[PDB]
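Next up: just one chain, as structure tokens, the form deposited in one PDB entry.
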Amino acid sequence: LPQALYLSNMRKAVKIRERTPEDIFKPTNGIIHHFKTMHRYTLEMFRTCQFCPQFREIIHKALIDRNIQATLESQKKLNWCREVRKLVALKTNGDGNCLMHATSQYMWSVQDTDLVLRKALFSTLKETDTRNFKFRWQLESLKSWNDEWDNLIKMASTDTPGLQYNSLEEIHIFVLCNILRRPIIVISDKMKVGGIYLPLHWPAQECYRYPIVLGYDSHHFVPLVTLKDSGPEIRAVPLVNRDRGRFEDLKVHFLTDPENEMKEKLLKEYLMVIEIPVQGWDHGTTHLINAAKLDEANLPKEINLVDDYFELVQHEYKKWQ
């Protein structure tokens, strides 16, 4: 069983990566270039239950970053809430482009090996209007000096730095979510790239309202995808975590002062927020907390890798019974 969803059908993978550049629109009147359609796709991982455990495991060893899954779960950041669906970390290349590999995988089930997303980011930074991105970043930086913005720009390039590409940071995630017109939520031990990145350069009416969910640990991003057909739990990611006996909101990055004053209203415009009951620290109490709905799997026939990988799996499982 191949070690990556893409590998079940390398031909189709190339076809997927080939569609991506053509789906990018470049308005050329100041507005940021963005995806026309492909940002609306979501991958889900197939179950490995309803299989033997010896076999359930084999699949899990090939596709899943178990090191990062265990770390994030042991710190109570990933899959802490018993009411919601389990998320699973998919293996991602650690070459310095993992932000883009994880994001590309979450939507399209391929990594960014043609550097389409990485180049799109660099393009926007080196070309488009970045006045407001810079203001937001100064404002966030001062909440704790200026060749810094210029080097943040150079970091997004494809230049060799010691990994093969420069590592990316919070502002790059924020720019990326505006290129995708889709929120990105990062689950990490510091939840400082952990937290919620909203496409605030766009009206929420022009954005996809289900997030991309990534995990982050040790300078490495992975996608955290939903596992298919494991109801009855809620298909959402909580927008808070337990922290020292209370619920603490995930950080929302790069807000202006007026945005911050209406943080909850913004989350509710850019995500599908639902208020769900979870168990209290007092076993006699329940609390309502906010969560954002996750998308159902929708990668079409032609560009759905995971159904190809799953078909391989079913074939070898029959042989392995």
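Residues carry their position along the shown sequence, with the first being 1. The term rigid core refers to the maximal set of C-alpha atoms that superpose within 1.5 Å between the two forms.
Trainee: Does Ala204, which is modelled here, drop out in at least a third of the other compared PDB entries?
Mentor: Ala204: modelled in all of the comparison entries.
Trainee: Counting the other entries of this protein, is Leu163 left out in at least a third of them?
Mentor: Across the compared entries, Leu163 is modelled every time.
Trainee: Deposited residues absent from the coordinates between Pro161 and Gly162, none, 1 to 3, 4 to 9, or 10 or more?
Mentor: Unmodelled stretch: 4 to 9 residues.
Trainee: Would you mind checking whether any residues of the deposited sequence sit unmodelled between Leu117 and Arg118, and how many (none, 1 to 3, 4 to 9, 10 or more)?
Mentor: Per the deposited record, the segment joining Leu117 and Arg118 has no missing residues.
Trainee: Quick check on the record: does 15-23 or 296-304 carry the larger mean Cα temperature factor?
Mentor: Between 15-23 and 296-304, it is 296-304 that shows the higher mean C-alpha B-factor.
Trainee: With respect to the recorded C-alpha B factors, which stretch has the higher mean value, 170-178 or 122-130?
Mentor: It is 122-130 that shows the higher mean C-alpha B-factor.
Trainee: Taking the Cα B-factors listed in the entry, which of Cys49, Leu271, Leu288, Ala70 comes out highest?
Mentor: By C-alpha B-factor in the record, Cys49 ranks first.
Trainee: Please pick out which of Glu248, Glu206, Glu233, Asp147 has the largest Cα B-factor as recorded in the entry.
Mentor: Comparing C-alpha B-factors across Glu248, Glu206, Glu233, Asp147, the maximum falls on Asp147.
Trainee: Give the position of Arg66 by CA B-factor within its chain, expressed as the lowest, middle or highest third.
Mentor: It falls in the middle third of the chain.
Trainee: Could you place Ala156 in the lowest, middle or highest third of its chain by Cα temperature factor, using the values in the record?
Mentor: Middle third, going by the recorded CA B-factors of the chain.
Trainee: Could you say whether, by C-alpha temperature factor, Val110 belongs to the lowest, middle or highest third of its chain?
Mentor: Middle third of the chain for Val110's C-alpha B-factor.
Trainee: Taking the values exactly as deposited, rank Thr256 by C-alpha B-factor within its chain and report the matching third: lowest, middle or highest.
Mentor: Middle third of the chain for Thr256's C-alpha B-factor.
Trainee: What third of the chain does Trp80 rank in for C-alpha temperature factor, lowest, middle or highest?
Mentor: It belongs to the lowest third of the chain when residues are ordered by C-alpha B-factor.
Same protein, other form: the form deposited in another entry, not shown, and the subject of what follows.
Trainee: Among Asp257, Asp282, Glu296, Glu264, which is the residue that shifts its C-alpha 2 Å or more between this form and the one not shown, core superposed?
Mentor: Everything else stays below 2 Å; the exception is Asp282.
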